[PDB]
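> what's the 3D shape of this:
(9 chains, ligands or ions: 4)
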Amino acid sequence: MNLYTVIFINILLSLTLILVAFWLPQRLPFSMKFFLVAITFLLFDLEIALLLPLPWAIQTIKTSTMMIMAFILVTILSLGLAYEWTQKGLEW
Amino acid sequence: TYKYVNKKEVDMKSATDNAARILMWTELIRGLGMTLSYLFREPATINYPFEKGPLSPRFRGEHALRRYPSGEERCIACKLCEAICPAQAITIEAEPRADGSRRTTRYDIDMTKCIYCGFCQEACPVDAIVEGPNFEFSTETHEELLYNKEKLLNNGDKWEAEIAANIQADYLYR
Amino acid sequence: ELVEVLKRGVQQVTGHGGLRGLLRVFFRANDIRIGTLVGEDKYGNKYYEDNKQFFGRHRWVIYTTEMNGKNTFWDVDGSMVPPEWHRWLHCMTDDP
Amino acid sequence: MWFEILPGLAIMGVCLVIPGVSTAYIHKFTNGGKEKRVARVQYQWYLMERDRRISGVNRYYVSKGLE
Amino acid sequence: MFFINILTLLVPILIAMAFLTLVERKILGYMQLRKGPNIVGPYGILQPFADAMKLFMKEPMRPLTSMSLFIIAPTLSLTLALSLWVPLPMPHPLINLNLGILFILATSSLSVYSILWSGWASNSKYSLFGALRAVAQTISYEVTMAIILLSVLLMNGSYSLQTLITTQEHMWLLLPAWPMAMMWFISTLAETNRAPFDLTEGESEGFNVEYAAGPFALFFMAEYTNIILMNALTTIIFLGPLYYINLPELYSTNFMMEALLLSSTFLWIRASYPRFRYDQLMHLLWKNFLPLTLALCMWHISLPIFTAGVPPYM
Amino acid sequence: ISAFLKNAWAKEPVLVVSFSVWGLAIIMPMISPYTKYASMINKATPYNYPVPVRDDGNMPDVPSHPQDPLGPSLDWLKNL
Amino acid sequence: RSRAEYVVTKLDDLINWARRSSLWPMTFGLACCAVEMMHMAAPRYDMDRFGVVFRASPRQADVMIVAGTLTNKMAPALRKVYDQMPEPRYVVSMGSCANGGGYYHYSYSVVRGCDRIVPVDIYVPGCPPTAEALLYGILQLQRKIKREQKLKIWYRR
Amino acid sequence: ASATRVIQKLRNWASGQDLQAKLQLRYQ
Amino acid sequence: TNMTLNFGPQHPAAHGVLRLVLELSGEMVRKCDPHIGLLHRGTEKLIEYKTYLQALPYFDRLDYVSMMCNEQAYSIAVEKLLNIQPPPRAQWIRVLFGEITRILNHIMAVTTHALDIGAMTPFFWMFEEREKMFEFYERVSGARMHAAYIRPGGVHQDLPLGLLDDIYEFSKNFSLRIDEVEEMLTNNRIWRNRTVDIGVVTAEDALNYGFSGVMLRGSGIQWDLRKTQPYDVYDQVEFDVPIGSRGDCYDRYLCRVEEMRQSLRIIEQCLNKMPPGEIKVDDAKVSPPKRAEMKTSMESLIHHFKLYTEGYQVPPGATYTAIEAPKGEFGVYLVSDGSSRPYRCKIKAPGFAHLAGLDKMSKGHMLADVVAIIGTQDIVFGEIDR
Ligand SMILES: CCCCCCCCCCCCCCCCCC(=O)OC[C@H](COP(=O)(O)OCCN)OC(=O)CCCCCCCCCCCCCCCCC
Ligand SMILES: COC1=C(OC)C(=O)C(CC=C(C)C)=C(C)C1=O
Ligand code: SF4
Ligand code: SF4
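Numbers count the residues shown, from 1 in each chain, chains lettered A, B, ... in the order given. Ligands and ions are numbered 1, 2, ... in the order given. Sharing the structure here:
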């Protein structure tokens, strides 16, 4: 709610401006690299999503497993990146 | 005599030096320093209406037709100002004035056609047509830019004092 | 050093007559500086030259209201300066 | 000189402190003279509402040993 | 009251947003030996208001194009940027959100659409080519932008931006984690499409190509507000302004000073550097920065544990 | 091999640093005088109420005031 | 005062002040008179000082300065770009090569003036019209706008 | 000019050479 | 057609009239077919209908960044046909203003290159220096640019009494101004990238496509028409051609910054050693008589009247004279009948050849690369379109 109040004022302020604007003055998909980049982006995004709980997981009693897990995730994705840098990938 | 603009060991000292250049962007910071330096220099701009960029006597600017101190217009219609104009701008037709003297019935400089070469200033024997100092004669309509004898003679009368000073300063050179 | 810089700024503000006088110079030119008055032409105009300023800005003219009755106080025009004083302003001739 | 970029900044700065001072005094005036309590975990809310239920109908009102 | 606290925190920012363009058109000026705009108003103070009025009055030509993916795009750009100032923790925030930085990261991410929608809406080649490249570096930079924050959080203990005021009561997070600050600063330069990383809408006229008058203005406003917001996030996350609980405004006073200086810095960066190539830009993030960030990300999961410094939740 | 590291430190001076950190983070935890504390310091932090057991008898559990000298202590956390 | 006519005038003025203070130009840069404009943009005669932006695309441009010969091949383009600008738009012809035909008036490939392809509001004279002269011309466009009274004609229409 | 002797030193330090010798303000 | 797009003529990039149709597979350029003539104006046909002295102003307009250096080429050409040569002082002048003009062109080429790249502060820094130079032109010719000062028989009027001193103060300082640009671009971690290894042109290919300019010099071919075939008194000065290796946008740039440096060396000398004398040939036959003389001597009026109204009357012949204009070899092939007005005057434009090379330079390159390469050719559409 408190947030709602702010947000609707935010949209109102912008819709007010566009309206004033209008009312006052009375195909080649060559870059599959583009697509490639974008595939990577989510693979990295999804990975981020897996890393996002790490602040709560720091306080986990295990600790050893936490780090062992987190280090494995970061390392395996980075290797994914590495292989993006071995073939003709990430070289647009 | 020639010179090689860009014609060209690996030591930790060297490498560490080079790696720091890439890692902490050392040369990029160098560039920022230069612009910060000028930020502190005095700006070179002039208040345009209040202060004017300097123009020396030979500035060609806007055409004017001069008159003798007595009041007789200098032009005697020899019409070689028309002959040497590169753009065909000046149109002159003449007839003997009742006095019997020779004067131009019509003298029309098309300023839009004129490319302000300043040869007319050069060519005139009596130096009747001169390149006047004024450069600010921007006009709302195209017709105003076409100038007949009366506008140029009027332009001549308005700026005669400065035109005389300018010709006074540069005639020895010519 | 900077305190003398501040005194120079104070003198420039006091230089243009009263608070209202500098406000008038402030609005039409947007530059406040003090210079000796070389001349006032018959069409209302006032000319000042300062040796200390750089070549572009050492000679300036403060235009006056209605120099041919035109309400010129706000619509300042370059052509308003008279032909005699035009060359002095453009540095064509050193002599005033 | 560069003296002049300051006018503009002044009006930026002044317009970036207002918000921080404003939000931090419309809180200390709409929460009875005390920072607005921050309910981050269930327990902070409980004590916050428990307090409401404690007296009056607002939390800032804080009943003391004399109650 | 709360409404008043919405005017403040909005208007004040909008008025400041206007004064940034002015301090951009003057700081770039003196760096380039020119006064900049001083003739309209006193010292150019009325200059930002003047073109705003000119922009809104000029015809918002609707190209012979979508009519919604065209008007949604500037509304979204201004709405997200002004919205992201809602949770910012100057002294104490307006709407304190327990997962605050995720709000800022998510809201930023949504702005990439406005670029995509405007580019498709224009229906001219310059717009589509510009949008596709623009969307590419924005999300490319988002990937390092997010990881850099995750490293921070793990040393802060929580996602709430309010916690960092208590984390940075003894030292700025620049001292530690400076290597990422730089990488946060460069990423903040990319995400606001400012100069070093401003290939879209370059001298090559991307998603303003067909946008004039009121639509131009709204994104426009958005960009500049962002320019501030991201700089402000640098001034909370890495440069922690001194906080005294007794007087909350010296926090905002220093927040004011650091934000203005880092906002001044991207103005100074723009004039000082040529623009990078499209692939040069992605070459930096995926090759130069992402391996640095992912590794330094692991160092920030290790620094806590073996230095027995795991941060206190809450 | 020195070259494999001296030019790779002059040119490409990012991946070197990148990997180096990857490793240093994979080592410090293994060897450190504090690593053990993390699992303790976080273990100790009391979040959920500690439910008391019935005193059948013959127990070392702190009876009555928790201040009793028996039981666990965090003096390790103190003066840490 | 409240009699609407006064109210209208004041409003119009505001409108005129906004357009006249911030004119964003676009420079087709035909020929050379472009070099004399880049000089205006440059430090001795700062265009920005007046509110004129150094550069602008056609969509966001208030005034088009045609500098240089408008040759017959470029003539269809000029128009296009003039036609691709906003509803309040203006054209400042710069150079004898574009005011009329200039040194190349009698040529077969040069349009004799841009005012044969785009309506022109201020004609700035001079082969390389001096940068100060352009500045004078841009300032006269500012006085032309100041005088425009669009809403008072609406009210009196 | 009118460096005041401190803006000049920031100018000299940032530039790395003496602008005082080769100024942007032409004088008599 | 790989989403073929046409680079904009209005585009801020380009010099205003370049419709570069480019078929681009996404962001890669497959083929560039530059279109020209957006600024054809007839300069070559118009000259046939004009006398030699009234065609001199056309040359200033052919490539007006380099206003005077172009005139010198017509001058030289008309002097050769007449077998007349200018007086000693005039020669030094032409080399003095010839070089000042080279600087003016390089300040244009280097700073405008950066504006398209995205660096905008170098342009404002050096346009102030340019401005100061223009003032030299004005105080010598009368016009800021488009002077008409270098005429077919020498200069028009002696230097004002005092110019040399100011062309000194400026020269004494300009260096630092070039130095500054440097601290901003020569080693920028980013200028190099967008410029290095972009548009490399082999040495054999550069000669083959007739590049003839820095473009050749940048590839390491040593050819400066000013040292190989001296014109005027560029023989009496001493300068070093800035040859380049690993020719690419960055290397040639460095060459243009180096000729800005070398031209200051040539300007210095010209100020140090300019002779007392006359500035125009004494043959009233070719050079117009002094105004005091035409107003007191009959033979001088007759010579003034005939020269201005009719003309030089060059002897029949044809010549190709090439100088080293700042862009590259600027040559005029001036065929001439005995008449006072020329018969043909093909202007060789360093630029018609350079643009043609755009295709063979920008291959497998991105849209941004094309912008960088048009800059490294200093294309002024006036000379190409003529
Ligand atoms: C026990 C210790 C554990 C930790 C160990 C840490 C080891 C030391 C730290 C190592 C990393 C330090 C540097 C990290 C940031 C830089 C990363 C980097 O390499 O930059 C990328 C790029 C490289 O340049 P380039 O030549 O393109 O690449 C060469 C290799 N391919 O560089 C660039 O292109 C930069 C382009 C920048 C454009 C804008 C420049 C702005 C400059 C001014 C602002 C600087 C930042 C200000 C920050 C203020 C506070 C936030
Ligand atoms: C000389 O060629 C030209 C350019 O490229 C070099 C321009 O960018 C521009 C654009 C510059 C300005 C003043 C916006 C012009 C005018 C031009 O004609
Ligand atoms: S030359 Fe001088 S005098 Fe002879 S006509 Fe032309 S103007 Fe009149
Ligand atoms: S007018 Fe003079 S300068 Fe302007 S274009 Fe035509 S010739 Fe070149």
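> Most proximal residue of chain D with respect to ligand 1?
Per CB to the nearest ligand atom, residue D:16 is where chain D lies closest to ligand 1, at 17.7 Å. Just so you know, the C-beta spots here come from the backbone N, C-alpha and C atoms, and that holds for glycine as well.
> That residue in helix, strand or coil?
Following DSSP: H, G, I helix; E, B strand; the rest coil, residue D:16 is assigned to helix.
> mind listing what residue 17 touches?
Just so you know, I chose chain A. E:56, E:78, E:214, E:217, E:218, E:221 (CB atoms under 8 Å, 6 or more residues apart in numbering or on different chains).
> Sorry, I should have been clearer: chain H.
By CB under 8 Å, 6+ apart, the residues touching residue H:17 are I:176, I:179.
> Am I right that it falls within a strand?
No - Residue H:17: not assigned to a strand; according to three-state DSSP it is coil.
> give me the number of residues near residue E:166?
By the measure other CB atoms under 10 Å in any protein chain shown, the count of residues near residue E:166 is 14.
> cool, residue F:68 as well?
11.
> How about residue B:133?
Residue B:133: 24 neighbours (other CB under 10 Å).
> contacting residues for the nearest residue to it once chain neighbours are set aside?
Distances taken as CB to CB, 6 or more residues apart in numbering or on different chains place residue B:61 nearest to residue B:133, at 4.9 Å, with adjacent residues excluded. Contacts for residue B:61 (CB under 8 Å, 6+ apart) come out as B:55, B:116, B:131, B:132, B:133, B:134, B:135.
> Of those residues, which is the most crowded?
Across these, neighbour numbers were computed from other CB under 10 Å; residue B:116 holds the maximum, 30 neighbours.
> My guess is that one contacts residue G:126. True?
Yes - counting by CB atoms under 8 Å, residue G:126 is a contact partner of residue B:116 at 5.6 Å.
> and residue I:119, what are its phi and psi?
Here is the backbone geometry of residue I:119 (degrees, to the nearest 10): phi -80, psi 120.
> Quick check: the gap between the closest residue to it other than its chain neighbours and residue E:118.
Excluding its sequence neighbours, the residue lying closest to residue I:119 (CB to CB, 6+ apart) is residue E:274, at 4.0 Å. Going from residue E:274 to residue E:118 by CB to CB, to the nearest Å gives 26 Å.
> same deal with residue I:122?
32 Å.
> neighbour-wise, which of the two wins?
residue E:118 (29 against 26).
> List, one by one, the residues from the stretch 251-386 of chain I near chain E.
Counting by CB under 8 Å from any CB of the partner chain, the residues of the stretch 251-386 of chain I lying close to chain E are I:366, I:367, I:368, I:369, I:371.
> and of those residues, the nearest to residue B:49?
Comparing these against residue B:49 with CB to CB places residue I:371 closest, at 37.4 Å.
> Need the three-state assignment for the residue minimising distance to the centre of chain C.
By CA atoms, centre = their mean, the mean C-alpha position of chain C lies nearest to residue C:62, the distance being 3.5 Å. Assigned by three-state DSSP, the conformation of residue C:62 is strand.
> Just give the closest residue to the closest residue to chain B within chain I, not the sequence neighbours.
Nearest residue of chain I to chain B, counting by CB to the nearest CB: residue I:142, 3.6 Å away. Once flanking residues are discounted, residue I:142 sits nearest to residue B:58: 3.6 Å by CB to CB, 6+ apart.
> can you tell me which residues contact that neighbour?
By CB under 8 Å, 6+ apart, residue B:58 lies in contact with B:118, B:166, B:170, I:138, I:139, I:140, I:141, I:142, I:157, I:160.
> In TSV: these, plus distance to residue I:75, neighbour count and secondary structure.
Shown next, in TSV, are those (distance: CB to CB, whole Å; neighbours: other CB atoms under 10 Å in any protein chain shown; DSSP: H, G, I helix; E, B strand; the rest coil):
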residue	distance to residue I:75	neighbour count	secondary structure
B:118	17	24	coil
B:166	27	24	helix
B:170	22	16	helix
I:138	20	21	helix
I:139	21	20	helix
I:140	15	25	helix
I:141	14	25	coil
I:142	18	26	coil
I:157	15	18	coil
I:160	21	17	coil
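> Which of those residues lies at the shortest distance from ligand 4?
Distance to ligand 4 across these (CB to the nearest ligand atom) is lowest for residue B:118, with 12.9 Å.
> In contact with that closest one, which residues?
B:58, B:60, B:131, I:142, I:143, I:148.
> Excluding sequence neighbours, find me the nearest residue to it.
In space, and not counting its chain neighbours, residue B:118 is closest to residue B:60: 4.5 Å by CB to CB, 6+ apart.
> Correct me if wrong: that neighbour contacts residue B:121.
Yes - Residue B:60 is within contact range of residue B:121, at 7.0 Å (criterion: CB under 8 Å).
> Those two: who's more crowded?
residue B:60 (28 against 21).
> tell me the contacts of residue 9?
All of this is about chain A. Contact analysis of residue A:9 by CB under 8 Å, 6+ apart lists E:6, E:10.
> my question was about chain G
If a contact means CB under 8 Å, 6+ apart, then residue G:9 has G:149, G:152 as its contacts.
> Against chain I, how distant is it?
As judged by CB to the nearest CB, to the nearest Å, residue G:9 and chain I stand 37 Å apart.
> The closest residue to ligand 3 within chain F - nearest residue in space that isn't next to it in sequence?
Going by CB to the nearest ligand atom, ligand 3 is nearest to residue F:11 of chain F, at 71.8 Å. Spatial nearest neighbour of residue F:11, chain neighbours left out: residue B:18 (7.5 Å); criterion: CB to CB, 6+ apart.
> Name the helix or strand for the one you found, please.
helix B:12-23 (DSSP states H and E).
> related to what we said a few turns ago, residue D:50: which of the contacts of residue B:118 is nearest?
So of the contacts of residue B:118, ranked by how close each gets to residue D:50 (CB to CB), first place is residue I:143, at 88.2 Å.
> okay, now the residue of the stretch 151-300 of chain E at minimum distance from chain D: neighbour count?
Taking CB to the nearest CB, chain D has its nearest neighbour within the stretch 151-300 of chain E at residue E:252, 2.7 Å off. Per other CB under 10 Å, the neighbour tally for residue E:252 reads 25.
> Surely it touches residue D:15?
No - Residue E:252 is not in contact with residue D:15 according to CB under 8 Å; the separation is 11.7 Å.
> so how far is the helix or strand hosting residue E:229 from its chain's centroid?
Secondary structure from DSSP H and E places residue E:229 in helix E:214-237. Distance of helix E:214-237 from its chain centroid, counting by CA atoms, centre = their mean, to the nearest Å, is 5 Å.
> wait, does the helix or strand containing residue E:77 contact chain A?
Element membership for residue E:77, per DSSP H and E: helix E:72-83. Yes - using CB under 8 Å from any CB, helix E:72-83 comes into contact with chain A via E:74, E:75, E:76, E:78, E:79, E:82, E:83.
> what's in contact with that helix?
A:6-7, A:10-11, A:13-15, A:17-18, E:10, E:13-14, E:107-108, E:110-111, E:113-115, E:117-118, E:121, E:207, E:211, E:214-219, E:221-223, E:225-226, E:229.
> Please, a PyMOL command that selects the buried ones among the residues you listed?
Buried members of those, defined by 16 or more other CB atoms under 10 Å in any protein chain shown, are picked up in PyMOL with:
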select buried, (chain A and resi 6+10+13+14+17+18) or (chain E and resi 10+13+107+108+111+113+114+115+117+118+121+207+211+214+215+216+217+218+219+221+222+223+225+226+229)
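> count of residues packed around the residue in chain G that chain B sits nearest to?
Closest approach between chain G and chain B, counting by CB to the nearest CB: residue G:100, at 2.8 Å. Residue G:100 has 26 neighbours, counted by other CB under 10 Å.
> wait, doesn't it sit right on residue B:115?
No - under the criterion of CB under 8 Å, residue G:100 makes no contact with residue B:115, lying 10.3 Å away.
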